[PDB]
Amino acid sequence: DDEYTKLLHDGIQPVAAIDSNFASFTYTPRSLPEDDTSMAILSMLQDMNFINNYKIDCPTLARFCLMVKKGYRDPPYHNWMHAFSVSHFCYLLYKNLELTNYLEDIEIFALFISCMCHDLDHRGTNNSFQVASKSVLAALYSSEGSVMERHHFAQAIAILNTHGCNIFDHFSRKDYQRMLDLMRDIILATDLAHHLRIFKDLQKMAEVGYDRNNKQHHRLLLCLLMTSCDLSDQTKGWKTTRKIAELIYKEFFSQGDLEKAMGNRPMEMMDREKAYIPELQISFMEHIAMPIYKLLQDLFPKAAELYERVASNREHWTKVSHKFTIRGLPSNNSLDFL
């Protein structure tokens, strides 16, 4: 409540005061201290003109931002700093790519709020684990698929439906229904099985050319953009790539350990006794990340540097892999580890 009081009564800090490089593809939002991130979200919403444009109520918006923040747990990767960094990449796409030539204002606003909300209440395990472990979330949503994503979305809606937090409640019935439908489509798009299912449709869009009058093209493009935000850690420097891999694998291997403990054999990527990080990272980059940024470049020539960073981070894993083989003796001069 004291954070609220300051967020409401102090004023929204100019977005340029956050960092000289804040609106650049090269800025690493993970550099921002966590206690500074809710005010940075208000600064970005202001700079995108959404607060004025949609006449969002200030007290309601401050409550909503804090509630969203408080709705993340602290697994190594799927925490509020990941949501905050995804949301920042949305802001980057807006500042560096002329989205307004492709998407409706309301679409762009929904993509940004969906980025804030898209992993709410994640417990550091994936859809497969929900099913295998017979979790309450699979009881609710296993028949439809995308279990966690449905739960993120439901969590977002629960926040809006909390007294004092409905940032859309003055909207017309038509616009409110549109915003919530968009949030559903965008947050369900973050299931990488969904991205893989629509991949051919994305390629076909890129090849024939984006048609702004085509409602299906809008929908495909929001999916690609949301994916591109959710994987944007791979578009920074090598120090970020390396640190994100440490967090992702800590989280995956915790899951693998639970799976072992219930008698299931984990995916190789989830088993700490089998996973070979360089090879796993290179596969993720070649098979998932680079094709996404290449499609982004195809649609938006000014996105080319993102695809180039991902390709360079990929080359970097090949360059360091040799270090994963123990040459000589360990530092302690001991083979006790054997």
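Start at 1 with the first residue shown and count on from there. Think of the rigid core as the biggest set of C-alphas that the two forms share within 1.5 Å after superposition.
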Inset, instruction - Superpose on the core, then say which of 187-195 and 146-154 ends up with the larger RMS Cα offset from this form in 9 other deposited structures of this protein. - result: 146-154
Inset, instruction - Using RMS Cα distance over all structures and residues, flag whichever of 118-126 and 213-221 lies farther from this form in 9 other deposited structures of this protein after a core fit. - result: 118-126
Legend entry - Residue range whose averaged C-alpha B-factor is higher in the record, 22-30 or 296-304: 296-304
Inset, instruction - Could you check which stretch, 134-142 or 83-91, carries the larger mean CA temperature factor in the entry? - result: 134-142
Inset, instruction - Tell me which of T227, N126, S114, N264 tops the list for C-alpha B factor in the record. - result: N264
Inset, instruction - Would you mind finding, among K174, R184, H152, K243, the residue with the largest C-alpha temperature factor in the entry? - result: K174
Inset, instruction - Report the third (lowest, middle or highest) to which the CA temperature factor of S38 belongs, ranking only the modelled residues of the same chain. - result: lowest
Inset, instruction - Could you look up the Cα B-factor of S232 in the entry and say which third of the chain it sits in: lowest, middle or highest? - result: lowest
Inset, instruction - Name the third of the chain's ranked CA B-factors that contains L61, choosing lowest, middle or highest. - result: lowest
Inset, instruction - Place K55 in the lowest, middle or highest third of its chain's C-alpha B-factors, as listed in the PDB entry. - result: middle
Inset, instruction - Select lowest, middle or highest to describe the third in which the CA B-factor of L103 falls within its chain in this entry. - result: middle
